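Since the structure comes first, as structure tokens, the remarks are kept for the end.
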Amino acid sequence: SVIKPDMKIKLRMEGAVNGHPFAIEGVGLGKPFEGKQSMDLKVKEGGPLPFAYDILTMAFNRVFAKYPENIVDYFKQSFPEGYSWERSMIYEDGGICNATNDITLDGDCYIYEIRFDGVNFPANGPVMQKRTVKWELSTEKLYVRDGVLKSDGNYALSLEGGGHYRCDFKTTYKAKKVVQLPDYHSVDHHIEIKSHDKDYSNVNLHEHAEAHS
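Numbering-wise, the sequence shown is residues 2 to 61, 65 to 217 according to the authors' numbering.
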């Protein structure tokens with residue numbers, strides 16, 4: 002009763018990569034029951050970003069995922085109160101990122117408060133040399149542990165001049181109130197930077213996601 006087929010998004014991220022701080026604001030919209038969303042992002046501080054934008058895009065809400073009726077939807081169920089997530093991302097060359105998102109709802113607009121922190125990206129690596137092209141299709145595996153929803157993913161970025169750069173994702177999801185918990189299941193994800201200006205100050209970003217089992 003606090004969800005519509007068309008919902009709005011606004012967000013702010015504050016973060017640092019290798020000790021250098023930045024900040025990004027976004028506005029978007031999406032279709033929760035279609036598992037589709039899009040947003041425009043602006044770098045407000047720390048620009049132009051000296052690292053690959055791609056490490057940020059998955060930080061920029066599982067509410068935007070199409071759930072079939074026979075799988076519990078932990079995310080749509082958690083509103084109006086909302087929910088939060090915590091996440092670690094371990095890249096194969098030792099770069100490690102953490103992030104958190106606190107998601108609230110005002111009227112028809114989800115609101116994000118995001119923190120992102122990466123360390124140990126080698127100067128000669130694909131992230132600091134901006135050699136990433138795109139994330140391949142992702143499959144997120146969701147399970148319950150000690151009363152809370154968690155997920156795992158083995159994600160991969162395509163690189164310039166071929167090959168892939170791997171990252172292991174671990175996320176914890178927590179509803180603000182008590183919510184019916186799902187059984188084990190998968191979510192397929194497609195995420196894409198559809199357009200950006202030269203230095204990525206402006207980015208138009210899309211995702212589509214569907215649950216299955």
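Here a beta-carbon is modelled for each residue, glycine too, at the ideal position from N, C-alpha and C.
Does the beta-carbon distance from residue i to residue j come in below 9 Å?
i, j, result
"residue 1", "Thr-108", "This structure leaves residue 1 out entirely; the chain is present only between 2 and 217."
"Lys-11", "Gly-31", "no"
"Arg-13", "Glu-117", "yes"
"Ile-197", "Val-207", "yes"
"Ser-155", "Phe-173", "yes"
"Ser-162", "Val-131", "no"
"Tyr-177", "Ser-88", "yes"
"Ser-82", "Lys-145", "no"
"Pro-22", "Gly-47", "yes"
Let's test the definition: count the other Cβ atoms within 10 Å of the Cβ of residue i and tell me whether it reaches 16, buried, or not, exposed.
i, result
"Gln-184", "exposed"
"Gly-16", "buried"
"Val-44", "buried"
"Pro-186", "buried"
"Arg-149", "exposed"
"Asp-77", "buried"
"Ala-127", "exposed"
"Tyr-114", "buried"
From the DSSP output, in three-state form, read off residue i for me.
i, result
"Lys-80", "helix"
"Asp-55", "helix"
"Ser-92", "strand"
"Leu-209", "strand"
Could you work out which residue in the options is closest to residue i when comparing CA atoms only?
i, options, result
"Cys-171", "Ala-215, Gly-47 and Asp-55", "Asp-55"
"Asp-203", "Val-3, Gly-86 and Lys-134", "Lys-134"
"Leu-153", "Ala-213, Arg-91 and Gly-129", "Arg-91"
"residue 1", "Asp-41, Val-3, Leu-57 and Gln-38", "This structure leaves residue 1 out entirely; the chain is present only between 2 and 217."
"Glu-85", "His-210, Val-3, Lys-145 and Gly-129", "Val-3"
"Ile-100", "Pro-33, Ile-195, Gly-20 and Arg-66", "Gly-20"
"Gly-29", "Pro-22, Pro-49, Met-8 and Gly-47", "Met-8"
Under 8 Å by Cβ, that's how I've got residue i and residue j pegged, so tell me the actual separation to the nearest angstrom.
i, j, result
"residue 240", "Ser-142", "Because residue 240 is not part of the residues shown, which for the chain are 2 to 217, the question remains open."
"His-189", "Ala-215", "6 Å"
"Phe-52", "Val-18", "5 Å"
"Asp-112", "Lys-5", "6 Å"
"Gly-36", "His-210", "Wrong, their Cβ atoms sit about 12 Å apart, outside the cutoff."
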